[PDB]
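A.B. asks: pasting the sequence and an experimental structure:
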Amino acid sequence: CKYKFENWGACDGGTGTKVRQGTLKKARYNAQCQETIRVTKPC
């Protein structure tokens, strides 16, 4: 897993949870860690 996308900040933003699409360095949220993906976590 790597990390190259919009980083995170705080739940919310226009959808509900914090989602960052793109290379995600396993945030421990998606679990499978599909690196490039719009992940989420809180709300």
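C.D. replies: Everything's here; your move. Numbering: from 1, shown residues only.
A.B. asks: if I look at residue 20, how far off is residue 36?
C.D. replies: 10 Å (Cβ to Cβ, to the nearest Å). No exception for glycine: its C-beta is placed from N, CA and C like everyone else's.
A.B. asks: again but with residue 10, I slipped
C.D. replies: Per Cβ to Cβ, residue 10 is found 22 Å from residue 36.
A.B. asks: which residues of this structure fall in strands?
C.D. replies: Here the chain has its strands, by DSSP state E, at 4-5, 22-23.
A.B. asks: of residue 20 and residue 36, who's got more company?
C.D. replies: residue 20 (20 against 13; other Cβ atoms under 10 Å).
A.B. asks: phi, psi of the residue nearest to residue 6 when sequence neighbours are not counted?
C.D. replies: Spatially, and ignoring its direct neighbours in sequence, residue 6 is nearest to residue 20 (5.2 Å; Cβ to Cβ, 6 or more residues apart in numbering). Dihedral pair for residue 20: phi -120, psi 110, per degrees, to the nearest 10.
A.B. asks: residue 20: what's it in contact with?
C.D. replies: 5, 6, 7, 8, 38, 39 (Cβ atoms under 8 Å, 6 or more residues apart in numbering).
A.B. asks: quick one: residue 12 from residue 20, how far?
C.D. replies: Residue 12 is 13 Å from residue 20, where distance means Cβ to Cβ.
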